[PDB]
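Working through the structure, step by step
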Amino acid sequence: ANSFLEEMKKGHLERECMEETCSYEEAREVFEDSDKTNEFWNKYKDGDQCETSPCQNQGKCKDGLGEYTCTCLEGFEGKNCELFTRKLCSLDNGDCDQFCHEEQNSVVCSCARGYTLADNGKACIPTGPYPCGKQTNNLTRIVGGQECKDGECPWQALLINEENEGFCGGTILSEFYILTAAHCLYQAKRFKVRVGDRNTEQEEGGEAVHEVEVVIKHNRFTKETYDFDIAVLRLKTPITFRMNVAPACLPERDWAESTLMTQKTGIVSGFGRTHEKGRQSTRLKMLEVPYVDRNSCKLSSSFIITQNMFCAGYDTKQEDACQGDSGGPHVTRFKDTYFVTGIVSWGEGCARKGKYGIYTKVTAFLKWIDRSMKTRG
Amino acid sequence: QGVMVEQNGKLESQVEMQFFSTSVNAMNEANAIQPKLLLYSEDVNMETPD
Ligand SMILES: [Ca+2]
Ligand SMILES: [Ca+2]
Ligand SMILES: [Ca+2]
Ligand SMILES: [Ca+2]
Ligand SMILES: [Ca+2]
């Protein structure tokens, strides 16, 4: 065991540790390490656990003092690696990059416009040269805003009136049709579209101007209660997708309500007012704010809040968009790609304590948006 | 036998503990690490006269 002279030499794994109690120590000087002593010792109190072969499908067997630990292959769970794990949309998006499905106790991935599925069964194909959803102490009223990096905000669409002063932000859908707020049209009977605007006064030559052809707006809109504020306008000249002009990925009606808007954060951008009673902003701006729950959304506003209204922003941090930002791009960065979420209409003031900026649900309008292309496309 | 050192004009000692503990530490359990052998350690002016 641990007698005198005995341990005045060196241990032997047959001499001592077997016919003897083999408490430890003498079980550990034979190797002098950590690699084999634990595993070896674990099998003499009650036996070895990998004798029984408990784990399934080549699941690695790890012994221990009274337990076996399994480390299986890819996609295996359970006590003995007997459970064949199911991949779901909730369980890691079904491994799909952008669009997941839960088809018959499995996941079959699809993709959005300009995207197909490769042979791997999970990852999409950015067919389009520039696929949507990728990034292609100063005073004086910078309300936490960020200047967009070159190509960082390429879906930025702008609506310009007669007098050369663009007002409403927007998300660039495609070459022909441009989404906007329904009441952004109330500003004038005539206005045009200029895309790629980043600085109106200093020109780099990288802006594209497309005339507005036909008005496709909302029918049941309310000019007081701000119910159903959304519209669609057509471009006369197609947008050749390039670094400053890239589309934004359109999610699906169900999918953006199950995963996309259930994420914590989003991005707010536009060309409206920086603050209440403030001035216009020329440099292309963007903002970073998270999404908050509905149970605090009703108590915020003084209108009637219905299922088409959600709250996004901070009660404390004072960085909120203002009038003129209606229709602006309100996107969320998904696993690897942007997908639009909100469309601005109004706000009970701008940057008020306990209040939120109002955005209309894009997925509650995506079936509306997709209807817009197959009627007069 | 601890050497002395003058601080503030007064002689003071320098001996300082050195707690210690099992090496089986290396096998299971945790903060269960308790102490088991305090050695006191100091300094002398050793001579070997003859
Ligand atoms: Ca030994
Ligand atoms: Ca033997
Ligand atoms: Ca022996
Ligand atoms: Ca013996
Ligand atoms: Ca020994």
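What counts, and at which threshold
- Residues numbered from 1 in each chain as written, not as in the entry; some residues may be left out.
- Chains lettered and ligands numbered in written order.
- Part of a larger assembly, values for the part shown.
- Heavy atoms only, no water.
- Residues with missing side-chain atoms left out of burial classes, pairs and counts.
- Helix = DSSP H or I, 4+ residues; strand = E, 2+ residues; numbered from the N terminus.
- Rg over C-alpha atoms; globule rule 2.2 N^0.38 Å.
- Core = buried A, V, L, I, M, F, W, Y, C linked by side-chain atoms within 4.5 Å.
- Buried < 20%, exposed > 50% of the residue type's maximum accessible area, 1.4 Å probe, protein only.
- Disulfide = S-S within 2.5 Å.
- Pairing = 2+ DSSP bridges.
- Patch = residues over 30% accessible without salt bridge, like charges linked within 9 Å, V, L, I, M, F, W, Y side chains within 5 Å.
- Areas by Shrake-Rupley, 256 points an atom, 1.4 Å probe, with all protein chains shown as cover.
- Salt bridge = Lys/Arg side-chain N within 4 Å of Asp/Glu carboxyl O.

- The deposited coordinates, according to the entry record, derive from cryo-EM at 4.0 Å resolution.

1. Overview of the overall build of chain A
- Along the backbone of chain A there are three helices and 20 strands.
- Over its C-alpha trace chain A gives a radius of gyration of 31 Å, far above what one expects of a compact globule, namely 21 Å for 377 residues.
- Each principal axis of the C-alpha distribution contributes one length, and for chain A these read about 105 × 45 × 45 Å.

2. Observations concerning the nonpolar core
- The biggest cluster of nonpolar side chains holds 44 residues, and the ones touching the most others in it are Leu159(A), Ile172(A), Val195(A) and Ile369(A).
- Contributions of two or more residues to this core are made by β8 (156-160), β9 (166-171), β10 (177-180), β11 (192-195), β14 (231-235), β19 (338-344) and α3 (363-371) of chain A.

3. Digging into the state of the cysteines
All names here are of chain A.
- As enumerated under the stated definition, the model contains twelve disulfides over all chains in all.
- Disulfide partner of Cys132: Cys249, at an S-S distance of 2.0 Å. Of note, the bridge from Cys132 to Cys249 carries an S-S torsion of about 100° and is right-handed in sense.
- Paired through a disulfide, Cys148 and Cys153 show a sulfur-sulfur distance of 2.0 Å. On the S-S bond that ties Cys148 to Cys153, the torsion sits near -85°, and the link is left-handed.

4. So, the sheet that holds strand β7 (residues 146-147) of chain A
All names here are of chain A.
- Across the sheet, which stays open at both edges, the seven strands sit in the order β7-β16-β15-β18-β19-β20-β17 with antiparallel pairing between neighbours. Of all the strands in the sheet, the pair left with one neighbour each is β7 and β17 (309-312).
- Taken together, the three bridges between β19 and strand β20 (residues 357-361) define a ladder with antiparallel strand orientation. Paired with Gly342 across the bridge in β20 is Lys361.

5. Structural notes on a nonpolar patch on the surface
- A cluster of nonpolar residues, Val15(B), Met17(B), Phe19(B), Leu38(B) and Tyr40(B), forms a patch on the protein surface that exposes about 540 Å² of accessible area.
- One can find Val15(B) in the segment after β2 (10-12).

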